[PDB]
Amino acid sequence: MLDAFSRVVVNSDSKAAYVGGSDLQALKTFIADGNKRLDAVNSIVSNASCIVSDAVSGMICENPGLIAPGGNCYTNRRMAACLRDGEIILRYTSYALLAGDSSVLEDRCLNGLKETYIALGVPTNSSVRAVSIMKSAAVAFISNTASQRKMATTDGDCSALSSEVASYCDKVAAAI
């Protein structure tokens, strides 16, 4: 896996170049927003249970066939497997947020996920709905706009980080 720094290095290596001043400036921006990035990650991991269970429950209450006989969330075994998948996906998204790069998510989570879900019969449309609910939840916790829990931070602008979180969730939805 790569982080934001090794991503810059790989791109530079493509040209056999030393890291350009422009890239160094961008990385210094990443450093300057480091504390905000850590608060962003803390806000997601500290509410991971809330995020995942609310997203799976929302997916189901919008499509109750999922819990009818034959539904892919029918029986406790399947519901447990689906809650576990929601948690795993959120975990890899939080790794991408901590690292500032989506390689960890693409390589260790998404690579082969589509085929696996086809093989198992997991509905992709329901999966994307769970992931987009988690996306809205995670963005809210980054921006500290969740209705029922607040996380005290010093005032400022974390729009870039929430946009990043959303872009990772979008990669997940696109891959399946």
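From 1 onward, residues are counted along the sequence shown.
- Stretch comparison (82-90 versus 102-110) by mean CA B-factor in the PDB entry places 102-110 on top.
- Remark: stretch with higher mean C-alpha B factor among 163-171 and 18-26 is 18-26.
- Across the options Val45, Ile133, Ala32, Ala146, the residue with the most elevated CA B-factor in the record is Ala32.
- The PDB entry assigns its highest CA temperature factor, among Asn125, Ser49, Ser57, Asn63, to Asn125.
- When the modelled residues of the chain are ordered by their C-alpha B factor, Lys150 lands in the highest third.
- In the deposited entry, the Cα temperature factor of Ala140 places it in the middle third of its chain's modelled residues.
- Per the PDB record, residue ranking by Cα B-factor puts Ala40 in the lowest third of the chain.
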